[PDB]
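> here is my input, please return the structure:
(5 chains)
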Amino acid sequence: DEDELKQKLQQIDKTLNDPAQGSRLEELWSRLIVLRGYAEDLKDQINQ
Amino acid sequence: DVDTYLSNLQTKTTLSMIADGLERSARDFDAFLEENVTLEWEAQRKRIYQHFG
Amino acid sequence: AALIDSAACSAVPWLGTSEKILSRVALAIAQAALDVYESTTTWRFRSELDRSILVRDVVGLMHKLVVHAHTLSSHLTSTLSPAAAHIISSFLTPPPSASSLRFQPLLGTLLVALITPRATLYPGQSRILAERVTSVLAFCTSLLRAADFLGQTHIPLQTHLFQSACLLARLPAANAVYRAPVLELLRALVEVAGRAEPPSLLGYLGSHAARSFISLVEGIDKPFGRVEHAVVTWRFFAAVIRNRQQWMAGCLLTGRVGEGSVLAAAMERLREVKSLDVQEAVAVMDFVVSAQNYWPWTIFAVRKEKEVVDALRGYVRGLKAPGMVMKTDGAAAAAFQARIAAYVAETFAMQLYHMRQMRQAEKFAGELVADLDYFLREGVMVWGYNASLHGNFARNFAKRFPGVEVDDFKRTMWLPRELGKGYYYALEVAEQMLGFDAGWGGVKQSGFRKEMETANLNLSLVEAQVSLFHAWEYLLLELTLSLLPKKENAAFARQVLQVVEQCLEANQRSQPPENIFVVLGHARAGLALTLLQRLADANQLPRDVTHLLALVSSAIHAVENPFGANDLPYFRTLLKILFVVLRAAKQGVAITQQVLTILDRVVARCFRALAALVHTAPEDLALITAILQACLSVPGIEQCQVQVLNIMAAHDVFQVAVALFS
Amino acid sequence: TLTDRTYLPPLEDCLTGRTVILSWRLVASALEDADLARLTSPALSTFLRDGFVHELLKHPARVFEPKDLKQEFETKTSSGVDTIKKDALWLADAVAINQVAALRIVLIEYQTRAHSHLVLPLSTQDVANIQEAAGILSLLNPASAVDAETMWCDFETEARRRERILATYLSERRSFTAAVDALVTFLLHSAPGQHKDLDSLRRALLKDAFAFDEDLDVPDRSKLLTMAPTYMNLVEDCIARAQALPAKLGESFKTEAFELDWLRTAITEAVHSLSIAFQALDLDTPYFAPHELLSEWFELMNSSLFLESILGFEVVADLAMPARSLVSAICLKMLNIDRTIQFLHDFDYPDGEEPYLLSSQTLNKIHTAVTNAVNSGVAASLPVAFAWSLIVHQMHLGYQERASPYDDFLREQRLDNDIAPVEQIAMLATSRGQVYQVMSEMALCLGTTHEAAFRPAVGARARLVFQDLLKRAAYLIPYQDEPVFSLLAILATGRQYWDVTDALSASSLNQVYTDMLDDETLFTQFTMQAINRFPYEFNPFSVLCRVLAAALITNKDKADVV
Amino acid sequence: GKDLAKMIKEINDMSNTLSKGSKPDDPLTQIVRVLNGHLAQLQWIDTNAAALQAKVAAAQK
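Numbers count the residues shown, from 1 in each chain, chains lettered A, B, ... in the order given. Below is the structure:
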């Protein structure tokens, strides 16, 4: 039954260890920081 | 201060938010013209009120 | 390759040829080169140097073919157009069965380069491998730019270019020479990933490998400190930050605030701009703006925590920045200084917007307004176009080259235009295209080369002036709201009035071309419109319309009267400008003779034109009505009513008014 | 007043990164590529213009001679420093280098950890991506590939860190040798028409280090001619380390890979020393070198078997072939067959320097060394042996006409009555054209084409000894196809058609070519005969015209010869 | 999960601070939050109820 275990493990491990899936988060973070800076600037501007 | 700034921040280019100043100006100009023409109608009526006596 | 290079010179020895013959030969050559490139992945050479030289040669040929097609958009690049087109269709959208046969050669080359051992001997093989790698990188960049152009939404080559960057991240470790080309390629891949979230690059690179690459590239050519590799790494950083990359951007900005991050060194370079090369300063400021607009919360925070070193240097740069720098020592540095000032103004405006959002922009704005001298000197005024020398050069080139025109050397927007001597005219190609006959070289470094360089420098200066225009427009727009209280009113009103006068004068003086730059019509009118709007809201005008309205009247007279033409925004903004001007005049005699021109020739003509066209219109008619209402309120009219009765009755406007009312 | 400030900046800069020390790798790269910007950079300019770096490059032995600099090491390491100091002390205890050099190497390795990590085998995900790209091309190693986690956890270990430190030490040694070699090359054979900044930097470096001023009618070559023994003595320590690894080094690190890396590094250092010596020698071509140095050099070569003991392995052939070629080149250079024959036939004193011809002990040493080399059965000694045989063949006749110091040699080893040994050696060398084939191979490895092992100028100046040997040997052995093909492979080197450019270079580089039209021996024997044997013997005349037209493009004085 | 949580927190911070940042102790963000809670709970109710409704169709054999 070990084969099935390592099969599942390999499947999920393969699903996790992907360039795109891992990259999406990193891209998202910066993609958030953009809005962070933009919002903070636009906020400071309309901070009256 | 920085905590709230990061909490209320949006992921978007900053040069686009400042641009909204143009839209806001285009939307304020209308009301400003309406105030011009109302203070003008007012002035006219006033001068007529000073013409009749 | 030599045949293609010779055909590239289509501006000329050639007895017995024709366009069709050269085109067919070039197409056959391209087909043969592509077949060789697809078949090289199966031969077995006695050594690797032979295959390396072959790959280098074919890649250089393909690169020279690709660049020559998009470098220009005139007929000069038509001889090799079927060939370049073929190579692009075969390297951008190949069939799914033979898609990997065209990509495996590049992968094998990258593998052989990333696992070649370092050796102090055999410099020939080393230089050959270096040139091969640089040619492959340039070819990848050219393919990426070609895909970005022509509107390609699905690029199947990007999937392979990601896994090639997976290797190019480690390739520089074997040779420092690859640091600039590799980065360039990456920049072009990122650009293609922008105008097309994209495939996560961290998934292909890896945490450890990505951190190592970042720690290797963060120092911009520290041991030597060159300008070329510096501008290259700053454009690379700006492109990586501008795109949706977020993990890499965070690791490059934070450094894992910033203590060893790129910004820690960018501040060290910004604090010495007074002596640093202006060429690199432009790229540093571009990187700063790219990190601010997308990641403001970090860059602005670090700059405020260290503003004592940046604000002082900015003020120093602003105070000692003359406006007319052409006359003094230096001709090409004018555009660089203008671009640096434009970027500095943009950064100041962005940080002021952020502070206003944080309600901490009062003191900073009050201290910065005293540094706008360079702006008052060389800001909204774009009259430094010097159309005289441009027209003279155009005539001299059309007289000596009847077939080839000056506009034929316009770039196709294939590569980001440099703010140098090649902004509009392609000098890198012209040097080898027009240097065959006497006249290009010239005695004492004269001729057409120097004039073309001066024209390109003037165009770059105009572009920098437009950038500074936009930056100062945003800055002043936000300052008008910031400086609402009753203080520093004198200098503020003086600056605003000077800006308005400069804009109105430039609107009359010689205009720039519409094919090179963007049409200025309606671009600089709303600026003065909102300025006068806010100044009227504050009611701090010196009622000096006696001279300010003359320029507006001249513009309205010499605008060709496009009341209902395509130039409707321009007409509307001019009408709003004259409305606010005559309203300011009303708040204030020698004014009636100067304002009766609009009541006699402007309002009546526009009203008649609108009534005739209406047989869009509603808003224009309402604006004209408001203009007339606000113009009839000037005190100088309550006595000249006699004089104006005849001009108002001559056009019989009441008849058409009652007709439209029916 | 020569400190190591610019050479070894404070540790605080190296750690914080405010100033990356200019390691020898970057200097070697900049000198090899001849980049204008890097060579004219402020950092490298100040580094090279310093007198400390000049004294160090003029005395490389002192850079690694065992000394006691404990005080300097403690003062530098005081005012992650604990690990750096520990690694520096461990390296100084293992290798005989000083503590300052060990600390500098450790700091350079610390600054270059990114490269050392990126040059490691890729992870499993990378291999998977490569396989997906591939759909020949099997240059991977998936059987040993591991994930990134286990690759990084093993990178931060102690054994791996020490191995990387030793590898970086060897790489920095090779980089220093290559950098000093390229610097001497650029300073002695500087090309014309270069940027003003390069010329100014060259003049400054010369006037500061060797007082070699071009505006002086007679520059001071003393400090430049004293660079031959400085490296001929260091070659001793190089071969000693090649034949025996450090004893204080731990046994766990002495693995097959480490032994191979050490051998390759020693071979590269020896080759660079030999090249620097050859350059310093050809700087003064007509005059002779001090016999006191050639004596010791020939004794060294006799003892070491022309480095055949360290090069005998089959895994260093790529580095042995060029090493043997450079050894033969420097031997023929210090031999000066041309000037030697001129002195033996003219009997006039050169006055530049005393030659070994006046010392019978040096002659005996050279003869016994050549005899041992020929008896050992080595090919590298073929051209040197042949040359020496020719010299003895001219000394015999010189004695027959006089039937003075050389007579002592001629009568010491029983070489007066019989001439059997040298004649048999020459016969064996000329049999099957083995000497000509090995000379052609050396020229290929010491040429200008992309197949050459050294820079174009290096090979251009190295072919001079072989050309002179063929010049003096041409009138002895008759005209024949083998010597002609040998000279063709030498002068042409087998380059391609697109290897011809109009790039103007120094006259020195063109010397090896113009000599064909300058000396009458190489003019009336090869060029005239090659022209006469046409189109019958087409290849010689054709290749000669090709090389002449490729080399005399800028030479307006000999542009219409072809 | 932890990093994702951090992200979400930061997004909330930026949105909340952007929409309002001169009175973080106010009753608006209060109503917003509580009202979001109610939305989520209502969604849960709806979905689960729908699931149970679906589960009954099985007994309709």
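> hey, let's count contacts and neighbours off CA atoms from now on
Noted.
> report the contact partners of whatever residue of chain B ends up closest to chain C.
Closest approach between chain B and chain C, counting by C-alpha to the nearest C-alpha: residue B:14, at 4.7 Å. Shown in contact with residue B:14 (C-alpha atoms under 8 Å, 6 or more residues apart in numbering or on different chains): A:34, A:35, A:37, A:38, A:39, A:41, A:42, C:292, C:293, C:294, C:296, C:350.
> mind checking which helix or strand the first one is in?
Per DSSP states H and E, residue A:34 falls inside helix A:19-45.
> at the contact with chain E, which residues of chain A appear?
By the rule C-alpha under 8 Å from any C-alpha of the partner chain, the part of chain A lying against chain E is A:29, A:32, A:36, A:39, A:40, A:43.
> now the last one: closest residue in space, sequence neighbours ignored.
Spelled out, it's residue A:43. The spatially closest residue to residue A:43, leaving aside those adjacent along the chain, is residue C:357, at 3.4 Å (C-alpha to C-alpha, 6 or more residues apart in numbering or on different chains).
> and the contacts of residue B:14 as TSV, adding neighbour count?
Listed next are those as TSV, based on neighbours: other C-alpha atoms under 10 Å in any protein chain shown:
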residue	neighbour count
A:34	32
A:35	28
A:37	33
A:38	31
A:39	36
A:41	35
A:42	32
C:292	27
C:293	28
C:294	31
C:296	29
C:350	30
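> looking at those residues, which is nearest chain D?
After measuring those against chain D - C-alpha to the nearest C-alpha - the closest member comes out as residue C:292, at 24.3 Å.
> doesn't residue C:299 make contact with that closest one?
Yes - counting by C-alpha atoms under 8 Å, residue C:299 is a contact partner of residue C:292 at 5.7 Å.
> tell me where chain B has helices.
Using DSSP state H, the helices of chain B run over B:2-7, B:14-52.
> residues touching the spatially most central residue of chain A, list them.
For chain A, residue A:25 is the residue whose C-alpha lies nearest the centre (C-alpha atoms, centre = their mean; 1.2 Å). Shown in contact with residue A:25 (C-alpha under 8 Å, 6+ apart): C:200, C:246, C:247.
> so which of the residues you listed are in strands?
Using DSSP state E, no member of the contacts of residue A:25 falls within strands.
> mind checking which of these land in helices?
Using DSSP H, the contacts of residue A:25 in helices are residue C:247.
> filter the contacts of residue A:25 down to the buried ones.
Taking 16 or more other C-alpha atoms under 10 Å in any protein chain shown as the criterion, what is buried in the contacts of residue A:25 is C:200, C:246, C:247.
> and the first one, how far from chain A?
Relative to chain A, residue C:200 is positioned 3 Å away (C-alpha to the nearest C-alpha, to the nearest Å).
> of the contacts of residue B:14, closest to chain B?
residue A:35 (2.0 Å).
> the closest one and residue B:9 touch, don't they?
Yes - with contact defined as C-alpha under 8 Å, residue A:35 and residue B:9 form a contacting pair (6.0 Å).
> for chain E, what is the nearest residue in chain B?
In chain B, the residue that lies nearest chain E is residue B:7 (1.9 Å; C-alpha to the nearest C-alpha).
> all helices for the stretch 1-150 of chain D, in order.
Secondary structure of the stretch 1-150 of chain D by DSSP state H, counting those that start in this stretch: the helices cover D:11-16, D:24-33, D:36-39, D:42-49, D:51-58, D:60-64, D:70-77, D:82-94, D:99-111, D:113-118, D:124-133, D:148-155.
> and if you look at chain E?
Along chain E, counting by DSSP H, helices occupy E:2-19, E:27-57.
> coming back round to it: out of the helices of chain B, which is the most enclosed?
Greatest average neighbour count among the helices of chain B goes to helix B:2-7 (a mean of 21), per mean count of other C-alpha atoms under 10 Å in any protein chain shown.
> count of neighbours near residue 15?
Just so you know, I chose chain A. When neighbours are defined as other C-alpha atoms under 10 Å in any protein chain shown, residue A:15 has 12 of them.
> look at chain D instead
Residues near residue D:15, counting by other C-alpha under 10 Å, number 15.
> distance check, it against residue C:227.
Distance of residue D:15 to residue C:227, given as C-alpha to C-alpha, to the nearest Å: 25 Å.
> residues near residue C:13, how many?
5.
> that one looks like it's in a strand, true?
No - assigned with DSSP: H, G, I helix; E, B strand; the rest coil, residue C:13 falls outside any strand and is coil.
> tell me how far the ends of stretch C:584-592 are from each other?
Chord length of stretch C:584-592, first to last residue, is 14 Å (C-alpha to C-alpha).
> how about residues contacting it?
Residues from elsewhere that reach stretch C:584-592, judged by C-alpha under 8 Å, 6+ apart: C:536, C:541, C:543-546, C:630-631, C:633-637, C:640.
> give me the contact list for stretch C:139-157.
C:59-60, C:62-63, C:66-67, C:88, C:91-93, C:184-185, C:188-189, C:191-192, C:195-196, C:414-415.
> for it, buried residues please.
Neighbour counts over stretch C:139-157 (16+ other C-alpha under 10 Å) mark C:139-149, C:155, C:157 as buried.
> show me which of those residues is closest to residue D:286.
Comparing the buried residues of stretch C:139-157 against residue D:286 with C-alpha to C-alpha places residue C:139 closest, at 50.9 Å.
> near chain A, which residues of chain B?
Residues of chain B found near chain A (C-alpha under 8 Å from any C-alpha) are B:5-6, B:8-18.
> list the contacts of residue D:470.
Neighbouring residues of residue D:470 by C-alpha under 8 Å, 6+ apart: D:483, D:487.
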